[PDB]
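Listed next as structure tokens is one chain, alone, in the form deposited in one PDB entry.
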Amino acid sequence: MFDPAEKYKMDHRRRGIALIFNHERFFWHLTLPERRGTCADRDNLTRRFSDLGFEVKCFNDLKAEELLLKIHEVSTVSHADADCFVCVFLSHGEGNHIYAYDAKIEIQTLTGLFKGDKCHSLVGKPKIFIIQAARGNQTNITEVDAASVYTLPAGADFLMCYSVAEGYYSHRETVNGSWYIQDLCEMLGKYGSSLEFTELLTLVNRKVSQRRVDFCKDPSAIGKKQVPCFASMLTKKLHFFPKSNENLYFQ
């Protein structure tokens, strides 16, 4: 009875929650530069995930304590009537660490809260982490950062999506926002509601990798290409088809 075109069950009452931790400025003593244009990324994401049925919850420049509280809160609430869970980090990072305002947090400890045992209402549901994070360098300019965050996998039914891979560079425009996020959001607009999600992330790889870096205004920025990637532990096709809401309570 085995089906090679098996899809994730996406006919629950509500889509689910999409967390966005949005980090613009950092504690003085971390010496990490401003991320001017992250707020465009946050707004763009907030719109595209809204249009796909997500309850979007944005958080700006949380300290480590505040951030762990808010995520663990979400991890221990019930997602029984939800299709999936999405968690976005827009910040700096190093290795297996994302930066809150004041200190680094081990990514595995954030993903671990949503692993089958610890969050039962999400077992066998897709759990999607999108990570725009690289290393701080130390009107619309393009600022460029060296890939620093490891392209980590997680557990069954996770999809880890990374702006940039080892040996490549993450770009952010100070008004329009991150290359990766612009292209993710553009692909969500056009094909979010129809395409399989990894089919879509593959378009984002193309879009981003095709952005030319030969005739940059800054000479140093030349030849600093950006290739994103995703690490999939998904077990089925993932679609975000419009939800049948006609005469239904979805709040």
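Heads up, when I say rigid core I mean the largest set of C-alphas that superpose within 1.5 Å between the two forms. Only residues modelled in both forms are compared. Just count from 1 along the sequence shown to find any residue number.
Separately, the form solved in complex with a partner chain exists; it is not shown, and the next lines address it.
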Does its partner chain come within 4.5 Å of any heavy atom of residue 105 in the deposited bound form?
yes
In the deposited bound form, does residue 109 come within 4.5 Å of its partner chain, counting heavy atoms only?
yes
Taking its partner chain as it sits in the deposited bound form, is residue 113 near enough to touch it, meaning that at least one heavy atom pair lies within 4.5 angstroms?
yes
Using 4.5 Å between non-hydrogen atoms, is residue 27 touching its partner chain in the deposited bound form?
yes
Considering only residues modelled in both forms, extract each run of at least three consecutive residues whose CA displacement is 2 Å or more throughout between this form and the one not shown after core superposition, in sequence order.
212 to 216
